[PDB]
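Chemist: Take this structure first; my questions come after.
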Amino acid sequence: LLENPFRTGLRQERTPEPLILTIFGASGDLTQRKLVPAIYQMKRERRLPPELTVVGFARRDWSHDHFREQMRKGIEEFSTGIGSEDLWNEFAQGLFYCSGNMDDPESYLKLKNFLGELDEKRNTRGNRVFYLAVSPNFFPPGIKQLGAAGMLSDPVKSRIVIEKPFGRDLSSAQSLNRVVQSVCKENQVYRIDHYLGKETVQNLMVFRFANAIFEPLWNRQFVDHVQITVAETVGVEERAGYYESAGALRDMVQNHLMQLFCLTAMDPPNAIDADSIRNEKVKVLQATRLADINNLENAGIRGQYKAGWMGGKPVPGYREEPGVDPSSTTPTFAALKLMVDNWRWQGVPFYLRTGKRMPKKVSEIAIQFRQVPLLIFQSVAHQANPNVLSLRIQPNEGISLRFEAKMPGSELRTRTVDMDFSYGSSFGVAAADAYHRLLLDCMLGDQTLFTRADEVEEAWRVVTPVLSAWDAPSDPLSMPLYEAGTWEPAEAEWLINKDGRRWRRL
Amino acid sequence: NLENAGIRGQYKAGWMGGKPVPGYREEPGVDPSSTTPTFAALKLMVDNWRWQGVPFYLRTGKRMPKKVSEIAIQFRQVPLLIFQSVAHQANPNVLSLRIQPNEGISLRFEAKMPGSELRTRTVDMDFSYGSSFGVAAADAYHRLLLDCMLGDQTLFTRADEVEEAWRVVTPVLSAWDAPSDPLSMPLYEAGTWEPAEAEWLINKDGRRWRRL
Amino acid sequence: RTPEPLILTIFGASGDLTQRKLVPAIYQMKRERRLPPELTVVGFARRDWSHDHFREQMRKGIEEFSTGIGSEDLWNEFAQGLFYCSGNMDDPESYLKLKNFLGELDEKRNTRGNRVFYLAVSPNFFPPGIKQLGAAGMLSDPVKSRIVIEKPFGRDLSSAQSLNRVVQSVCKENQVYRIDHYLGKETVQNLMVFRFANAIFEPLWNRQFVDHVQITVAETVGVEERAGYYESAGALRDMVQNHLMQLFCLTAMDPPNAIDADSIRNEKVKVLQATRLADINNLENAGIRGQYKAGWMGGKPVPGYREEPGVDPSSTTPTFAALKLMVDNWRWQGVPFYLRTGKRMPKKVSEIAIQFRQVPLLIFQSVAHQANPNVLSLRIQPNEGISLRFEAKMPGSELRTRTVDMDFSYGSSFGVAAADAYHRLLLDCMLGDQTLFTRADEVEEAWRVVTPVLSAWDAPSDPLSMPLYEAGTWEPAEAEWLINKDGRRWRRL
Amino acid sequence: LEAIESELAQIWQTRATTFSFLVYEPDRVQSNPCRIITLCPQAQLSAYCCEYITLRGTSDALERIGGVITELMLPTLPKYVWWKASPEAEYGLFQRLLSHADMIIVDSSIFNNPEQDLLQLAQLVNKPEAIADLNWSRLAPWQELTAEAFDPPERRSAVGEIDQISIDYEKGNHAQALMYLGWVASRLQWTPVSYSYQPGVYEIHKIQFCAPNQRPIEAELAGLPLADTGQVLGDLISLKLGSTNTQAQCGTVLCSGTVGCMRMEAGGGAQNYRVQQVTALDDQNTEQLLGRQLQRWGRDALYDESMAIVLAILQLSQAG
């Protein structure tokens, strides 16, 4: 193996200055198991400044070393090795600890002088980054207190990160925006929500704007429709209370599945930049709508999964899990039908999908081209094989397109063949963790993979009627149910066949 | 002037397959002062409503390093350039349709080099008939004779294209049917690709012969 | 749709040209029920005026420089909302006195509170006035106070940047109106509707059918008055940045998605953000100066530039310009945009000429062996309309082509023009719609585009190095060389 | 000369406060930019915001006046110095410069006729210093391009056979070619063995190495004179990573020009090697490389390891 021993090291990059990441909510055994293991690995290969002091924060307080004990406690359960133990020793000395109360305005005065004191101890450069990681109801009280003390005022030396999620409905999103907007600028707030730093997603742009053949035939003159699909095969784990008040419409359709849509119907930006790109994403989101708004039964179908079979072992239904309430209404399978109203995507419908307990994990963006005008080569099988171009953002990453070619034999015939290209067999490099990439970007500062402020309002407005209509109480025996291990519920199949097209078997 | 639309050339002694090979004016039959060409390059130009100002290049040969037939179509550059390359090297997309060795269709395009910055590197897709359809061992003479016995003439000329082809090639033929000038013939060593004058012909405009 | 009543403050009023530019217009507006009968005006400045003096001077102004006073009872019904409150420009005490006067007028006249502030002071006093206005906090509520700043918005890039920074720190960028320009509500809307409502003219607008465009604006009047004004500016901060940079934006703009001001202004800025000159390093293929000398106009002699009152006989201020801009986006890559202007040229006219390309192959024969390509000829000056020229057949037993054109003049199917552009400007300012005004980004971008040539021509040089053209000829021969270097000719007009 | 410091008080009342720069400029022409001192071997200090500290030094041997120049080094932030003449140790000005200046930058293209001077530069790198010669930056695409051939998993085992490497460079200084040879040797654990020389019309050198398997290694450099150097001398024209085995997979050849494809003859030359093509990578500009190297600061592991092998080879040249 040892792919390309010529590739020991050639790149050149660096994070500029030291800083102190004042992780909020040090309790709850989530910071100790998610963030700290992530940063520690990065320090081992020297990807950070020499001293990265982390100041945990919690209502309850421990000793300096006792707090360090739990930091190590979570390391072992996800341990990837330690090497020489002296590495942790300087790490243990680097991390400090303070305490206070979340809702006490004067508590920050105890806090503010504390890290200010550490500034005199280290004198590296002076830098503050906030990573509040607590329940969503704590988002407003934490933000307002920071403004009152005013300890974040430098536009270049202060960065604030907001954890997922961001709201419930349109009225909730705007309420949070007013608080942050009046007390912070726009080049300081980061909103990591998606975990969509997966390398293939930023590849969806280079493949589209750096070629000369793939652009001219990408508009309403040739394309027929687009099918965006996301599927998993893991049911609801015992933490159901968090999922109980969420629903699969609000969980992975407002934040994740819409990002694939904004990157497939956007105009070419003038020049690569920070704001020159995200400004183009907003424009398309301001000219889209559901297919029909009066009769909602023509632009959306919910569902729920019941007992069935997954892997040769019996699988209990949704209303059996340890925590869910019998006779519920929270959906699990969602499908929509969006349309775009502009000068290059007029009359080309988009079909979206998602779900849980489906046969296998995939992710596709299938584009279907029109049919040839003249049909001299009628051939066999009604020639009902139009050529498609399908990307892939899941295991077996690659680009594949299908087209017809002549079948051997004296009589004229047309078979169906495809030519493909996979990243694994062309570069021979193992995948990389997406979470690490986002954290590194939070130091340099790019704001390219993080959604803006006004853009997150447009995502909520698009599904305004769907969320409200389904939330009303209704008959328990009125939600279509499908077996575990099969693709779609019975009703949802009829939405696509009415127009004359069939779901991609995939 | 016929020095911009055609260049001839004979082949001389060289190395082929690890063994020496005699030159042309050293073989049985040929006199030691012949001027018969064994390599012809041209540059046609179609003037109808859809191929205006797009030139076609053609070149046969003999005693070349390997046996290949091809048809390569090169697309234009992008109207605007924003993404930088990974090696300061820029290439255009090319479609090719191999014929003789292993029939298939190929295509080449750019994609991003995995890492942390935004750079592009060239890559290509592929498709071969022998790995998808199967292996065919058909003989052309057999099919030709069967068609002649039955009669479904599609692969036979109408003599109108015969007259047209002769008219297209006539000027070069008349020019090359010249007096001897024995020492005025370019020579390319058996094993190389072409004499240097064809190289100059293609590079006068900017594009380069495909090093197959 | 008449706007709600309010009170006006006219800073630096009782000076020059303010009467003839404001009083007749507001009087005609009021007479034509454009405003409710609850409209008042207030004066300003330091000279010891009088209310009776104000009435007498306004009467004189309307009588002398307008249609008249109409009915005397009409003036009696008008004459109740004209007061005065003398005060220095930089006196905070005078500002508090103004605030008290405004409060008393609100309590008595019952104007309901909404206000619009008009500024007409000399252009070398904007910073102190704006800073002292913001000191007293007169601009807090969002729809309560609108401030209008007269021409010009600075001279060079640095001054404009400083003015923008000062303005940004006092009031939100929603009430400031920069007036400027003179394109009314006819031409802009007419051109946009013509472009974005037909299914044929749109697909033939990209770079694969169009070859080059030209934009011409010409005048015949001389320097006339304001010699001191012209000597400090020249015809590069007067007609090549205010006016001539709007036709370019409107012609080379991507389609919008709405009609309100937001989308239009965003698209205009996006287009203006990707333009540049042709040869930045060598300023001999992207610019020509000029100056008009003595000549013949209308069968009478007219003196050259260096014979007017107030201009020294060594000045080098240009009165002609010619640039060659070029766009660098996904649609207009590689199509030059020749611009133009001038003074003392004959036949006052404006135009926008688009020249298409030639056919792939030619199978027919031309009479003159020239084969003039097709042209669109959008017009803006009088006799507005659209004209297009194509080919036809010469009668006889032969195949030859001859250039003929269609025509469509707005003056036949229409001709009832709207009111004065100033009246519509004021009405739009009162009601509120920033479609016809300019944002900060547009101003800064235009200044950045024109900066290199302006800096180069500003530097001192030899007094007799100015290319010269007499009054009457179209342009000095240098512009002809600039256009003929490539082959395409100046439009004969 | 004594007005250099006194006039600064007048300038103090009158700015750019960043890292300083220094130059030497042997050439007689013209005779964050914080403090630019245009030495050209009196005083002509005039600061105009691009403050100018230009000093006219038409008289040579200005080492003595350099004592106050060292005091005028402006020690507030790390600074950089350009020494665009040659390497030397007898001229004591360098010794003061290296101890005072935080970092120095040199170019391995303007060197005079002697070639052992580069060896003197190479020796100084082993001693702890800070040299970031820009000639190494020109090898960035060539190194990247070389690693491109072996990328796919199919050619993984090919890298374990490499025995033959040939380098073709323009006639003259071979500093650019020797650096590339040192780089590849470091990545395959090679050590120098012998060094000969075959002067002629092409200046065919010869270097031999050892290996863990102790198989002999052969490499040669050819100085093909093109007589059309583009303002910069000593640049690569092509390279060939061949094979000397019986059942080896294949080699790799990278042409760069029409004449550079002269290796398409003999046995397998156009058959046993898979020929690629590169557009053009030669004759860059000094300005763009200087800016990028100025931006970064520190120590490079790759450069030091490559220069370690280069020192060993040159020490054997006189004996070999």
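Note on naming: chains are A, B, ... as they come in the structure tokens, residues start from 1 per chain, ligands start from 1 in the order shown.
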Taking the chain letters and numbering used in this document, name the residues of region 249-354 of chain C that DSSP puts in helix (DSSP H, G or I), as a ChimeraX atom specification.
Modeler: /C:249-251,261-272,305-307
Chemist: Please list as number ranges by chain every residue within 10 Å of region 46-48 of chain D, counting only C-alpha atoms and excluding residues in the same chain fewer than 3 positions away.
Modeler: D: 4, 7-8, 10-11, 14-15, 35-36, 43, 51-55
Chemist: Give the residues of chain A that lie within 6 Å of chain B; count only C-alpha atoms, and format the answer as a list in words.
Modeler: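 Result, ordered by chain then number: residues 207, 212, 419, 420 and 421 of chain A.
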Chemist: Would you export the selected residues with N, CA, C and O atoms as a CSV table (one decimal), in the first residue's frame, please?
Modeler:
```
chain,number,residue,atom,x,y,z
A,207,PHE,N,-17.2,20.8,-10.6
A,207,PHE,CA,-17.7,19.9,-11.7
A,207,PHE,C,-18.6,20.7,-12.6
A,207,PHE,O,-18.8,20.2,-13.8
A,212,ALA,N,-16.8,23.0,-20.1
A,212,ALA,CA,-17.4,23.7,-21.2
A,212,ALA,C,-18.5,22.9,-21.9
A,212,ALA,O,-19.1,23.5,-22.8
A,419,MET,N,-21.1,4.8,-18.6
A,419,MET,CA,-19.7,5.1,-18.3
A,419,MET,C,-19.6,5.9,-17.0
A,419,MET,O,-20.4,6.8,-16.8
A,420,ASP,N,-18.7,5.5,-16.1
A,420,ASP,CA,-18.7,6.1,-14.8
A,420,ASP,C,-17.3,6.4,-14.4
A,420,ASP,O,-16.3,6.1,-15.1
A,421,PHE,N,-17.1,7.0,-13.2
A,421,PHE,CA,-15.8,7.4,-12.7
A,421,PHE,C,-15.9,7.6,-11.2
A,421,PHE,O,-16.7,8.4,-10.7
```
Chemist: List the spatial neighbours of residue 260 (chain C) as number ranges by chain - criterion: any atom at most 9 Å away, only C-alpha atoms, same-chain residues fewer than 2 positions off excluded.
Modeler: C: 258, 262-264, 433-435
Chemist: In Å to one decimal, how far is CA of residue 253 (chain A) from CA of residue 438 (chain A)?
Modeler: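 Atom-to-atom, CA of residue 438 (chain A) to CA of residue 253 (chain A), that is 21.1 Å.
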